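Residue-level structural notes
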Amino acid sequence: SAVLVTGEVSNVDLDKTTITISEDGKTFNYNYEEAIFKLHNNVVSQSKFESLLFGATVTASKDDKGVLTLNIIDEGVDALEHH
């Protein structure tokens, strides 16, 4: 499960299910539609994940089969709180 990046979520687009993750001045973009979602390594639903996603710290990783996992390390807030 190669790690792609660990860092802060920005630019959350819930409609397009896309995020940007930033680490060390670099930006990584993901469509999380088909991702496995975790919260402190606990598997969770998309909805739960999105509820804590804005400004979250997330690790993005991919197994040998190309399946994307997005794990919230440090909790963000929901779309409505973010405003």
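Residues numbered from 1 in each chain as written, not as in the entry; some residues may be left out. Heavy atoms only, no water.

1. Observations regarding the sheet that holds strand β5 (residues 42–44)
Counted only if it meets this: Strands are labelled as partners when DSSP assigns at least two bridges between them. To qualify as a helix, a DSSP run of H or I must reach at least 4 residues; to qualify as a strand, a run of E must reach at least 2; elements of each kind are numbered from the N terminus. Note on geometry: axes are C-alpha line fits, over the in-contact stretch for helices, and angles between N-to-C directions span 0 to 180 degrees.
Taken in spatial order, the 7 strands make up an open sheet running β3-β2-β1-β6-β7-β4-β5, and their pairing is mixed. In this open sheet, the two strands that pair with only one neighbour each are β3 (26–31) and β5. Shown here is a sheet whose adjacent strand axes are inclined to one another by a mean of 40°, direction ignored. Bridge count between strand β2 (residues 18–23) and β3: 6 bridges; the pairing is antiparallel. Residue pairing for β3: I21 is matched across the bridge by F28.

2. Here's the deal with a nonpolar patch on the surface
Cut-off, in case you're wondering: Two distance rules govern patches: like charges are joined within 9 Å, and nonpolar side chains (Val, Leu, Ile, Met, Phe, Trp, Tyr) within 5 Å, applied only to residues with over 30% relative accessible area and no salt bridge. In these tables, accessible area is a Shrake-Rupley quantity obtained with a 1.4 Å probe, and a residue counts as shielded only by the protein chains included in the view. Just to be clear on terms, a salt bridge is a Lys or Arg side-chain nitrogen sitting within 4 Å of an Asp or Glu carboxyl oxygen. Three labels apply to residues, based on accessible area from a 1.4 Å probe with only protein chains included: buried if under 20% of the type maximum, exposed if over 50%, partly exposed otherwise in between.
On the surface, a cluster of nonpolar side chains totalling about 240 Å² of accessible area is made up of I36, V43 and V67. The residue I36 is located in strand β4 (residues 36–39) in this model. A relative accessible area of 36% places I36 in the partly exposed class.

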